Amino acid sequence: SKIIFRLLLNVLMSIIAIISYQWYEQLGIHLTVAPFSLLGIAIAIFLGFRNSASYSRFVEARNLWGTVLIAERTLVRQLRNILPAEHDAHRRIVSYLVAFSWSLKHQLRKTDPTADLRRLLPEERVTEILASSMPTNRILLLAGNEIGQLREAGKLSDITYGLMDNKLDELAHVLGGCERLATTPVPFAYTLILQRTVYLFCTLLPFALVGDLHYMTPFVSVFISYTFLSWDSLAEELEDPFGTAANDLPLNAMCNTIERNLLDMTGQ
């Protein structure tokens, strides 16, 4: 937590306020608590709404990934319930569904999905997927072809084909949703306004408290600053849900969970 640096900086500003409080009158500068209460409350209100937006975004990201697991579970269930004897098809479709999850992760992380794809799919399909400017989307197309062939071969009717196609649609909404969350952030002018106001507020605060608090200034000023900064920093942690950091989504573990689930449901 690099929050400690500005807390330390805040302690230093408090010490300056205490020793420089002498020259306050000799300059004509006074700072009371009342105007900073107004400012502080206004900032708290705006921080509240902002964090709310950051929170909703983090939650949606969690929701989208939850849907991958749900839709892939049911698609495999449908394949077993409707075509219990078609395990060759079971394995092929499962490999694509598993590939989709990993490919989505790599896409959001901007990493190379090549190794994971080669572990799951024949090289012909991997080349075919990587040739696309939108590889994760290309993967859905391939899963659709597998289902499409079962339809053409008469193993799936249009009805049962439709039941499985619906699940691919659910995955498509996940892909677009994540892509939307990745390119659209909470707008950058929310963060600038708040960062500029919060930092300036905390550093000016001890100068406004010193008249009332004297020697207790650094303790109370640090308490108030810590409160605003903790709340402000919470938004920063929630804003990067697809990242690698510790408070980011465990996408690797999630992908492993998805793969473990699908191989549990096909006897592998």
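So that there is no doubt, residue numbering starts at 1 and follows the sequence shown.
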Averaging the C-alpha temperature factors as deposited, the higher value of 149-157 versus 169-177 falls on 149-157
Which of the two stretches, 249-257 or 17-25, shows the higher mean Cα temperature factor in the record? 17-25
Highest recorded Cα temperature factor - choice among 133, 101, 191, 74: 191
Take the CA temperature factors straight from the PDB entry and tell me which of 209, 61, 43, 53 peaks. 209
Going by the recorded CA B-factors, say which third of the chain residue 31 sits in, lowest, middle or highest. highest
Please say which third, lowest, middle or highest, residue 85 falls into when its CA temperature factor is compared across its chain. highest
Considering only modelled residues of the same chain, in which third does the CA B-factor of residue 183 rank: lowest, middle or highest? middle
Residue 66 - Cα temperature factor, lowest/middle/highest third of chain: lowest
Comparing residue 228 with the other modelled residues of its chain, is its CA B-factor in the lowest, middle or highest third? middle
